[PDB]
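As structure tokens, the structure follows; a few thoughts come after it.
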Amino acid sequence: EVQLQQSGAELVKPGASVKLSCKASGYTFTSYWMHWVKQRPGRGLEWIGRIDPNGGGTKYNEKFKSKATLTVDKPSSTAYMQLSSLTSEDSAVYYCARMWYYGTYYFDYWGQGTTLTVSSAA
Amino acid sequence: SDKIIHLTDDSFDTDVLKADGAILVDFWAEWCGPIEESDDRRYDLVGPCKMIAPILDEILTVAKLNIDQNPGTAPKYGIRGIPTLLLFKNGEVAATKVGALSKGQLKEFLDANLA
Amino acid sequence: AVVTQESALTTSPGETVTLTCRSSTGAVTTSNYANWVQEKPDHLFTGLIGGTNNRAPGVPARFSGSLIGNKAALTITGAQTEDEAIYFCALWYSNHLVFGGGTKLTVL
């Protein structure tokens, strides 16, 4: 029943910004953390940050502190992540994972991902 | 173990609130970890249970509550999940610490708050 | 820090394989809270282990977490054909997560 569905395949210009969503359903949104990961071909995975939807507390990777901005919306249960000053390096499938933090730290439910392509208008 | 002060709902203003300097509150319930709202998703298996409190106390005072036998205390402070370490400084709250941690990390949290 | 894993291992149905997860800083401890994500074909991610040994709800019991020497591990006792997937790990340092390169497990 627990499901994480993110926005569709985007196409954005370099220098602009983009907001990727992550609808959470089948559970209480404010009872679980919500990470964000970056998957590029031949690079594996890369942690961007996490967010506690209760209070809006955030922690970031040092590489992604000026890049990402994690926020939440409790009514719609939608987690967010705003990538700013987009480059060709930001072209990646971004997922949103769920984490149980109570007593221990483990992942469980992941999303299908959202293919972002930073292409310039010729 | 002998430094642990078991509390009640009405005995919260006497024990922890009015005190000398620093006072902590380990919100355990023997389901070490598990959440509140939907008491449907919880876990008794896990083994990170941290009884480390009988050790860092020996290294201020720390109290101890159980929300299955005291469902009046936790709702007042908006404790949406356990174990939450609420720090009572001068009958108020300085900082909170959610999601269990080792002895080296519980020192990191305290030592950035007492002195 | 740089988390390291094996590039690719090979096993068969019924066999017992063991993956590892080294850390460059030193040894992997209980403080690192070793995680283990699984990536089945067509980008199907799901968390198996976390906090060195604690499984997620619904995860098969054969996936067990331990600490063999100076690295975290993931032992699959009785490997199934569906287990054919890339097993990443993830260690915590100062409240920041570091993923590894991943281990392409191939089941014959």
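Our numbering is plain: 1 for the first residue shown, then up by one each step along the chain.
Cβ atoms are placed via backbone N, Cα and C, with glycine included.
Sequence annotations record features per position, and here Swiss-Prot assigns site 'Deprotonates C-terminal active site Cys' to B:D26. The disulfide bond feature in Swiss-Prot is assigned to B:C32-B:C49. Per Swiss-Prot, active site, nucleophile is recorded for B:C32, B:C49, and the stated evidence type is similarity to another entry. Look at Swiss-Prot and you will find B:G33, B:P34 tagged as site 'Contributes to redox potential value'. Per Swiss-Prot, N6-acetyllysine is recorded for B:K76.
The recorded positions shown are B:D26, B:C49, B:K76; of these, the one with its CA atom nearest the CA of B:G33 (site 'Contributes to redox potential value') is B:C49. For the recorded sites B:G33, B:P34, the largest tally of other C-beta atoms within 10 A is found at B:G33. Here the candidates are the recorded positions B:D26, B:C32, B:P34. The one whose C-alpha lies nearest to that of B:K76 (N6-acetyllysine) is B:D26. By a Cβ separation below 8 angstroms, chain A lies close to these of the recorded positions B:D26, B:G33, B:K76: B:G33.
Here the deposited model leaves out 7 residues, and the two residues on either side, B:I59 and B:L60, have Cα atoms 9 Å apart. Around B:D26 (site 'Deprotonates C-terminal active site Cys'), the same-chain residues at least 6 positions away in sequence with a Cβ under 8 Å from its Cβ are B:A53, B:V62, B:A63, B:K64, B:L65, B:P83, B:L85. Cβ neighbours of B:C32 (disulfide bond) (same chain, under 8 Å, six or more residues apart in sequence): B:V46, B:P48, B:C49, B:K50, B:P83, B:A100. Comparing local CB density within 10 A for the recorded positions B:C49, B:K76, the maximum falls on B:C49.
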